[PDB]
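*Asks:* Input file: structure-v5.json. Contents: JSON, N, CA and C atoms.
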[["chain", "number", "residue", "atom", "x", "y", "z"],
["A", 1, "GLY", "N", 0.81, -1.21, 0.00],
["A", 1, "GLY", "CA", 0.00, 0.00, 0.00],
["A", 1, "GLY", "C", 0.84, 1.26, 0.00],
["A", 2, "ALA", "N", 0.69, 2.07, -1.04],
["A", 2, "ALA", "CA", 1.45, 3.31, -1.16],
["A", 2, "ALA", "C", 0.79, 4.26, -2.16],
["A", 3, "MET", "N", 1.40, 5.43, -2.35],
["A", 3, "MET", "CA", 0.88, 6.42, -3.28],
["A", 3, "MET", "C", 1.12, 5.99, -4.72],
["A", 4, "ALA", "N", 2.20, 5.25, -4.94],
["A", 4, "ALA", "CA", 2.55, 4.77, -6.27],
["A", 4, "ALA", "C", 2.64, 5.93, -7.26],
["A", 5, "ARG", "N", 2.74, 5.60, -8.54],
["A", 5, "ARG", "CA", 2.83, 6.61, -9.59],
["A", 5, "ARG", "C", 1.44, 7.00, -10.09],
["A", 6, "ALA", "N", 0.52, 6.05, -10.06],
["A", 6, "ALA", "CA", -0.85, 6.29, -10.51],
["A", 6, "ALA", "C", -0.86, 6.92, -11.90],
["A", 7, "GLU", "N", 0.01, 6.43, -12.78],
["A", 7, "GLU", "CA", 0.10, 6.95, -14.14],
["A", 7, "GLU", "C", -1.26, 6.88, -14.83],
["A", 8, "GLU", "N", -2.05, 5.88, -14.47],
["A", 8, "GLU", "CA", -3.38, 5.71, -15.06],
["A", 8, "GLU", "C", -4.37, 6.69, -14.45],
["A", 9, "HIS", "N", -4.10, 7.12, -13.23],
["A", 9, "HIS", "CA", -4.97, 8.06, -12.53],
["A", 9, "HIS", "C", -4.68, 9.50, -12.97],
["A", 10, "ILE", "N", -3.72, 9.65, -13.88],
["A", 10, "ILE", "CA", -3.35, 10.96, -14.38],
["A", 10, "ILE", "C", -4.36, 11.47, -15.41],
["A", 11, "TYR", "N", -4.80, 10.57, -16.29],
["A", 11, "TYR", "CA", -5.76, 10.93, -17.32],
["A", 11, "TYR", "C", -6.71, 9.77, -17.60],
["A", 12, "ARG", "N", -8.01, 10.03, -17.52],
["A", 12, "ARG", "CA", -9.02, 9.01, -17.76],
["A", 12, "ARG", "C", -9.04, 8.61, -19.23],
["A", 13, "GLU", "N", -8.93, 9.60, -20.11],
["A", 13, "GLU", "CA", -8.94, 9.35, -21.55],
["A", 13, "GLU", "C", -7.81, 8.39, -21.94],
["A", 14, "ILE", "N", -6.64, 8.59, -21.35],
["A", 14, "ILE", "CA", -5.49, 7.75, -21.64],
["A", 14, "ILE", "C", -5.81, 6.28, -21.39],
["A", 15, "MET", "N", -6.82, 6.03, -20.57],
["A", 15, "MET", "CA", -7.23, 4.67, -20.25],
["A", 15, "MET", "C", -7.36, 3.83, -21.52],
["A", 16, "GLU", "N", -7.71, 4.48, -22.63],
["A", 16, "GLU", "CA", -7.86, 3.79, -23.90],
["A", 16, "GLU", "C", -6.57, 3.07, -24.29],
["A", 17, "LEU", "N", -5.46, 3.80, -24.26],
["A", 17, "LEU", "CA", -4.16, 3.23, -24.60],
["A", 17, "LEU", "C", -3.55, 2.50, -23.41],
["A", 18, "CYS", "N", -3.52, 3.18, -22.27],
["A", 18, "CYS", "CA", -2.96, 2.59, -21.05],
["A", 18, "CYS", "C", -3.50, 1.18, -20.83],
["A", 19, "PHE", "N", -4.78, 0.99, -21.12],
["A", 19, "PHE", "CA", -5.42, -0.31, -20.95],
["A", 19, "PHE", "C", -4.63, -1.40, -21.68],
["A", 20, "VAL", "N", -4.20, -1.09, -22.90],
["A", 20, "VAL", "CA", -3.44, -2.04, -23.70],
["A", 20, "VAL", "C", -2.00, -2.15, -23.21],
["A", 21, "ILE", "N", -1.41, -1.00, -22.88],
["A", 21, "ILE", "CA", -0.03, -0.96, -22.40],
["A", 21, "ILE", "C", 0.12, -1.77, -21.12],
["A", 22, "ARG", "N", -0.93, -1.78, -20.30],
["A", 22, "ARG", "CA", -0.91, -2.51, -19.04],
["A", 22, "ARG", "C", -0.86, -4.01, -19.28],
["A", 23, "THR", "N", -1.35, -4.43, -20.45],
["A", 23, "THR", "CA", -1.36, -5.84, -20.81],
["A", 23, "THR", "C", 0.02, -6.32, -21.24],
["A", 24, "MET", "N", 0.69, -5.51, -22.05],
["A", 24, "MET", "CA", 2.03, -5.85, -22.53],
["A", 24, "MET", "C", 3.06, -5.72, -21.41],
["A", 25, "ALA", "N", 3.14, -4.52, -20.83],
["A", 25, "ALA", "CA", 4.09, -4.27, -19.75],
["A", 25, "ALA", "C", 3.42, -4.43, -18.39],
["A", 26, "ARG", "N", 4.02, -5.24, -17.53],
["A", 26, "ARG", "CA", 3.48, -5.48, -16.19],
["A", 26, "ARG", "C", 3.94, -4.39, -15.22],
["A", 27, "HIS", "N", 4.70, -3.43, -15.73],
["A", 27, "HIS", "CA", 5.20, -2.33, -14.91],
["A", 27, "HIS", "C", 4.05, -1.61, -14.21],
["A", 28, "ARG", "N", 2.86, -1.72, -14.78],
["A", 28, "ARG", "CA", 1.68, -1.07, -14.22],
["A", 28, "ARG", "C", 1.54, -1.40, -12.73],
["A", 29, "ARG", "N", 2.00, -2.58, -12.35],
["A", 29, "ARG", "CA", 1.92, -3.02, -10.96],
["A", 29, "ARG", "C", 2.79, -2.14, -10.06],
["A", 30, "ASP", "N", 3.94, -1.73, -10.59],
["A", 30, "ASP", "CA", 4.86, -0.89, -9.84],
["A", 30, "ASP", "C", 4.53, 0.59, -10.03],
["A", 31, "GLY", "N", 4.02, 0.93, -11.21],
["A", 31, "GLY", "CA", 3.66, 2.31, -11.49],
["A", 31, "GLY", "C", 3.67, 2.61, -12.98],
["A", 32, "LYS", "N", 4.60, 3.46, -13.40],
["A", 32, "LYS", "CA", 4.71, 3.83, -14.81],
["A", 32, "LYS", "C", 4.84, 2.60, -15.69],
["A", 33, "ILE", "N", 4.41, 2.72, -16.94],
["A", 33, "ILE", "CA", 4.49, 1.62, -17.89],
["A", 33, "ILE", "C", 5.28, 2.00, -19.13],
["A", 34, "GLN", "N", 5.92, 1.02, -19.75],
["A", 34, "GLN", "CA", 6.72, 1.26, -20.94],
["A", 34, "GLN", "C", 6.71, 0.03, -21.86],
["A", 35, "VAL", "N", 6.63, 0.28, -23.16],
["A", 35, "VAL", "CA", 6.62, -0.80, -24.14],
["A", 35, "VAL", "C", 7.14, -0.33, -25.49],
["A", 36, "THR", "N", 7.76, -1.24, -26.23],
["A", 36, "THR", "CA", 8.30, -0.92, -27.54],
["A", 36, "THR", "C", 7.23, -0.99, -28.62],
["A", 37, "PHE", "N", 7.43, -0.23, -29.70],
["A", 37, "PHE", "CA", 6.47, -0.20, -30.80],
["A", 37, "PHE", "C", 6.15, -1.61, -31.28],
["A", 38, "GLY", "N", 7.19, -2.40, -31.54],
["A", 38, "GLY", "CA", 7.00, -3.76, -32.00],
["A", 38, "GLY", "C", 6.05, -4.54, -31.12],
["A", 39, "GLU", "N", 6.27, -4.47, -29.81],
["A", 39, "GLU", "CA", 5.43, -5.18, -28.86],
["A", 39, "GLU", "C", 4.00, -4.64, -28.88],
["A", 40, "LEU", "N", 3.88, -3.32, -28.77],
["A", 40, "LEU", "CA", 2.58, -2.67, -28.77],
["A", 40, "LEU", "C", 1.77, -3.08, -30.00],
["A", 41, "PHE", "N", 2.36, -2.90, -31.18],
["A", 41, "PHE", "CA", 1.70, -3.25, -32.43],
["A", 41, "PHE", "C", 1.29, -4.72, -32.43],
["A", 42, "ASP", "N", 2.24, -5.59, -32.11],
["A", 42, "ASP", "CA", 1.97, -7.03, -32.08],
["A", 42, "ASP", "C", 0.84, -7.35, -31.11],
["A", 43, "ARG", "N", 0.56, -6.42, -30.21],
["A", 43, "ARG", "CA", -0.50, -6.60, -29.22],
["A", 43, "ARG", "C", -1.81, -5.99, -29.70],
["A", 44, "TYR", "N", -1.70, -4.88, -30.43],
["A", 44, "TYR", "CA", -2.88, -4.19, -30.95],
["A", 44, "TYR", "C", -3.42, -4.90, -32.19],
["A", 45, "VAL", "N", -2.54, -5.61, -32.89],
["A", 45, "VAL", "CA", -2.92, -6.33, -34.10],
["A", 45, "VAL", "C", -4.05, -7.31, -33.81],
["A", 46, "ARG", "N", -4.12, -7.78, -32.57],
["A", 46, "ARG", "CA", -5.16, -8.73, -32.17],
["A", 46, "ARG", "C", -6.39, -7.99, -31.65],
["A", 47, "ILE", "N", -6.42, -6.68, -31.86],
["A", 47, "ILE", "CA", -7.54, -5.86, -31.41],
["A", 47, "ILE", "C", -8.02, -4.94, -32.52],
["A", 48, "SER", "N", -7.21, -3.92, -32.83],
["A", 48, "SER", "CA", -7.56, -2.97, -33.88],
["A", 48, "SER", "C", -6.45, -2.88, -34.92],
["A", 49, "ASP", "N", -5.21, -3.07, -34.48],
["A", 49, "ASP", "CA", -4.06, -3.01, -35.37],
["A", 49, "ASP", "C", -3.83, -1.59, -35.88],
["A", 50, "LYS", "N", -3.52, -0.69, -34.96],
["A", 50, "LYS", "CA", -3.28, 0.71, -35.32],
["A", 50, "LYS", "C", -2.82, 1.51, -34.10],
["A", 51, "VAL", "N", -2.00, 0.88, -33.26],
["A", 51, "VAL", "CA", -1.49, 1.54, -32.06],
["A", 51, "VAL", "C", -0.84, 2.87, -32.40],
["A", 52, "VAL", "N", -0.01, 2.87, -33.44],
["A", 52, "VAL", "CA", 0.68, 4.09, -33.87],
["A", 52, "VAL", "C", -0.31, 5.21, -34.15],
["A", 53, "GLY", "N", -1.48, 4.85, -34.67],
["A", 53, "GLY", "CA", -2.50, 5.84, -34.97],
["A", 53, "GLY", "C", -3.13, 6.42, -33.73],
["A", 54, "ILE", "N", -3.24, 5.60, -32.68],
["A", 54, "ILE", "CA", -3.83, 6.05, -31.43],
["A", 54, "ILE", "C", -2.86, 6.90, -30.63],
["A", 55, "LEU", "N", -1.57, 6.60, -30.76],
["A", 55, "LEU", "CA", -0.53, 7.34, -30.05],
["A", 55, "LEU", "C", -0.68, 8.84, -30.29],
["A", 56, "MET", "N", -1.19, 9.20, -31.46],
["A", 56, "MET", "CA", -1.39, 10.61, -31.81],
["A", 56, "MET", "C", -2.33, 11.28, -30.82],
["A", 57, "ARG", "N", -3.31, 10.53, -30.34],
["A", 57, "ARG", "CA", -4.28, 11.06, -29.39],
["A", 57, "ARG", "C", -3.62, 11.36, -28.05],
["A", 58, "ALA", "N", -2.82, 10.41, -27.56],
["A", 58, "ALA", "CA", -2.13, 10.58, -26.29],
["A", 58, "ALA", "C", -1.08, 11.68, -26.37],
["A", 59, "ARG", "N", -0.44, 11.79, -27.53],
["A", 59, "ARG", "CA", 0.59, 12.81, -27.74],
["A", 59, "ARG", "C", 0.03, 14.21, -27.51],
["A", 60, "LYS", "N", -1.27, 14.36, -27.73],
["A", 60, "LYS", "CA", -1.94, 15.65, -27.55],
["A", 60, "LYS", "C", -1.63, 16.22, -26.17],
["A", 61, "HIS", "N", -1.43, 15.34, -25.20],
["A", 61, "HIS", "CA", -1.13, 15.76, -23.83],
["A", 61, "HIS", "C", 0.28, 15.35, -23.44],
["A", 62, "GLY", "N", 1.15, 15.18, -24.43],
["A", 62, "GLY", "CA", 2.52, 14.79, -24.17],
["A", 62, "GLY", "C", 2.61, 13.56, -23.28],
["A", 63, "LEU", "N", 2.15, 12.42, -23.80],
["A", 63, "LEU", "CA", 2.18, 11.17, -23.05],
["A", 63, "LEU", "C", 3.13, 10.17, -23.70],
["A", 64, "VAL", "N", 3.47, 10.42, -24.96],
["A", 64, "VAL", "CA", 4.38, 9.54, -25.69],
["A", 64, "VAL", "C", 5.70, 10.24, -25.99],
["A", 65, "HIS", "N", 6.79, 9.71, -25.43],
["A", 65, "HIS", "CA", 8.11, 10.28, -25.64],
["A", 65, "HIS", "C", 8.73, 9.77, -26.94],
["A", 66, "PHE", "N", 7.97, 8.96, -27.67],
["A", 66, "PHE", "CA", 8.44, 8.40, -28.93],
["A", 66, "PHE", "C", 8.92, 9.51, -29.87],
["A", 67, "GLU", "N", 9.72, 9.12, -30.86],
["A", 67, "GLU", "CA", 10.25, 10.08, -31.83],
["A", 67, "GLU", "C", 9.73, 9.78, -33.23],
["A", 68, "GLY", "N", 9.80, 10.78, -34.11],
["A", 68, "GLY", "CA", 9.33, 10.61, -35.47],
["A", 68, "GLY", "C", 7.84, 10.87, -35.60],
["A", 69, "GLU", "N", 7.39, 11.05, -36.84],
["A", 69, "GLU", "CA", 5.98, 11.31, -37.10],
["A", 69, "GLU", "C", 5.18, 10.00, -37.13],
["A", 70, "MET", "N", 5.90, 8.89, -37.25],
["A", 70, "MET", "CA", 5.26, 7.58, -37.30],
["A", 70, "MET", "C", 6.29, 6.47, -37.12],
["A", 71, "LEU", "N", 5.81, 5.24, -36.95],
["A", 71, "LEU", "CA", 6.69, 4.09, -36.76],
["A", 71, "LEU", "C", 6.33, 2.98, -37.74],
["A", 72, "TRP", "N", 7.31, 2.58, -38.55],
["A", 72, "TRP", "CA", 7.10, 1.52, -39.53],
["A", 72, "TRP", "C", 7.46, 0.16, -38.95],
["A", 73, "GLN", "N", 6.49, -0.76, -38.94],
["A", 73, "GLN", "CA", 6.71, -2.10, -38.41],
["A", 73, "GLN", "C", 7.95, -2.73, -39.03],
["A", 74, "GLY", "N", 8.84, -3.23, -38.18],
["A", 74, "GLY", "CA", 10.06, -3.86, -38.66],
["A", 74, "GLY", "C", 11.18, -2.87, -38.87],
["A", 75, "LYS", "N", 10.86, -1.58, -38.73],
["A", 75, "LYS", "CA", 11.85, -0.53, -38.92],
["A", 75, "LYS", "C", 11.97, 0.33, -37.66],
["A", 76, "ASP", "N", 10.84, 0.86, -37.20],
["A", 76, "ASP", "CA", 10.83, 1.70, -36.01],
["A", 76, "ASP", "C", 10.48, 0.87, -34.77],
["A", 77, "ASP", "N", 10.55, -0.45, -34.91],
["A", 77, "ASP", "CA", 10.25, -1.35, -33.80],
["A", 77, "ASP", "C", 11.12, -1.04, -32.59],
["A", 78, "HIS", "N", 12.29, -0.46, -32.84],
["A", 78, "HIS", "CA", 13.21, -0.10, -31.76],
["A", 78, "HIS", "C", 12.65, 1.03, -30.92],
["A", 79, "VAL", "N", 11.71, 1.78, -31.49],
["A", 79, "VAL", "CA", 11.09, 2.90, -30.79],
["A", 79, "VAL", "C", 10.49, 2.45, -29.46],
["A", 80, "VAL", "N", 11.04, 2.95, -28.36],
["A", 80, "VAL", "CA", 10.56, 2.61, -27.03],
["A", 80, "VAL", "C", 9.53, 3.62, -26.54],
["A", 81, "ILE", "N", 8.29, 3.17, -26.41],
["A", 81, "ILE", "CA", 7.21, 4.04, -25.95],
["A", 81, "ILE", "C", 7.05, 3.96, -24.44],
["A", 82, "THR", "N", 7.42, 5.03, -23.75],
["A", 82, "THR", "CA", 7.32, 5.08, -22.29],
["A", 82, "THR", "C", 6.13, 5.92, -21.85],
["A", 83, "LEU", "N", 5.13, 5.27, -21.29],
["A", 83, "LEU", "CA", 3.93, 5.96, -20.82],
["A", 83, "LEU", "C", 4.30, 7.17, -19.97],
["A", 84, "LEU", "N", 4.14, 8.36, -20.53],
["A", 84, "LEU", "CA", 4.45, 9.59, -19.82],
["A", 84, "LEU", "C", 3.21, 10.17, -19.16],
["A", 85, "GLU", "N", 3.00, 9.82, -17.90],
["A", 85, "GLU", "CA", 1.84, 10.31, -17.15],
["A", 85, "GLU", "C", 2.22, 10.64, -15.71]]
Could I get this file's structure written as structure tokens?

*Replies:*
Amino acid sequence: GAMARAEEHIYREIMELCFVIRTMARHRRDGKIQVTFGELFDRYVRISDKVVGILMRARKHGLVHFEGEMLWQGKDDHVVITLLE
């Protein structure tokens, strides 16, 4: 029992993406969450298959520290997306 990071308690809207990020990265248990593009995509592919497209929404509030205007599967997979909340 502690205050934790409550990264998810930072923004309700983010719940849309955070919900998926919490599945890939178990860091949610400790607090902040982080996942690579490759992993995220490979996880969203079984849902909507457009994580990169959703990231644009979260970026509106500076939640994605990712770089570039987009990420190409197999190319920008190295892109590490760290939930900024």

*Asks:* Using only C-alpha atoms, which of the listed residues (A:84, A:4, A:72, A:17) sits closest to residue 54 of chain A?

*Replies:*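 Nearest to residue 54 of chain A: A:17.
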
*Asks:* Smallest atom-to-atom distance to residue 55 of chain A: which of A:3, A:71, A:24, A:33, using only C-alpha atoms?

*Replies:*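 The closest residue to residue 55 of chain A is A:71.
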
*Asks:* Go through chain A and collect every residue that DSSP, computed from the backbone, puts in strand (DSSP E); the answer should be as a ChimeraX atom specification.

*Replies:* /A:34-36,80-82

*Asks:* I need the residues from that last selection saved to file as an mmCIF file, in the frame of the given file (with N, CA and C atoms), if you can.

*Replies:*
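Output file selection-v6.cif is given in full below:
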data_model
loop_
_atom_site.group_PDB
_atom_site.id
_atom_site.type_symbol
_atom_site.label_atom_id
_atom_site.label_comp_id
_atom_site.auth_asym_id
_atom_site.auth_seq_id
_atom_site.Cartn_x
_atom_site.Cartn_y
_atom_site.Cartn_z
ATOM 1 N N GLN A 34 5.920 1.020 -19.750
ATOM 2 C CA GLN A 34 6.720 1.260 -20.940
ATOM 3 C C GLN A 34 6.710 0.030 -21.860
ATOM 4 N N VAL A 35 6.630 0.280 -23.160
ATOM 5 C CA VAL A 35 6.620 -0.800 -24.140
ATOM 6 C C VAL A 35 7.140 -0.330 -25.490
ATOM 7 N N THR A 36 7.760 -1.240 -26.230
ATOM 8 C CA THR A 36 8.300 -0.920 -27.540
ATOM 9 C C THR A 36 7.230 -0.990 -28.620
ATOM 10 N N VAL A 80 11.040 2.950 -28.360
ATOM 11 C CA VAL A 80 10.560 2.610 -27.030
ATOM 12 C C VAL A 80 9.530 3.620 -26.540
ATOM 13 N N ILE A 81 8.290 3.170 -26.410
ATOM 14 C CA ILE A 81 7.210 4.040 -25.950
ATOM 15 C C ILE A 81 7.050 3.960 -24.440
ATOM 16 N N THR A 82 7.420 5.030 -23.750
ATOM 17 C CA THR A 82 7.320 5.080 -22.290
ATOM 18 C C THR A 82 6.130 5.920 -21.850
#

*Asks:* Just checking: using only C-alpha atoms, which residue out of A:41, A:73, A:15, A:85 ends up closest to residue 61 of chain A?

*Replies:*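 Going through A:41, A:73, A:15, A:85 one by one, the smallest distance to residue 61 of chain A is for A:85.
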
*Asks:* Would you please work out which residue, of A:40, A:81, A:10, A:70, is nearest to residue 23 of chain A when using only C-alpha atoms?

*Replies:*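 Using only C-alpha atoms, residue 23 of chain A sits closest to A:40.
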
*Asks:* Please compute the atom CA of residue 16 of chain A-atom CA of residue 53 of chain A distance, one decimal, in Å.

*Replies:*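 About the pair atom CA of residue 16 of chain A and atom CA of residue 53 of chain A: they are 12.5 Å apart.
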
*Asks:* Would you mind reading off the distance between atom N of residue 45 of chain A and atom N of residue 13 of chain A, one decimal, in Å?

*Replies:*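 Separating atom N of residue 45 of chain A from atom N of residue 13 of chain A is a distance of 20.9 Å.
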
*Asks:* Which of these, A:26, A:32, A:58, A:74, has the shortest distance to residue 5 of chain A once you count all atoms listed in the file?

*Replies:* A:32

*Asks:* Work out how far atom N of residue 52 of chain A is from atom CA of residue 37 of chain A, in Å to one decimal.

*Replies:*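 Calculated distance between atom CA of residue 37 of chain A and atom N of residue 52 of chain A is 7.6 Å.
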
*Asks:* As a ChimeraX atom specification, which residues of chain A does DSSP assign to alpha helix (DSSP H)?

*Replies:* /A:15-24,37-44,51-59

*Asks:* Using only C-alpha atoms, which of the listed residues (A:35, A:63, A:79, A:56) sits closest to residue 8 of chain A?

*Replies:*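 Using only C-alpha atoms, the shortest distance to residue 8 of chain A belongs to A:63.
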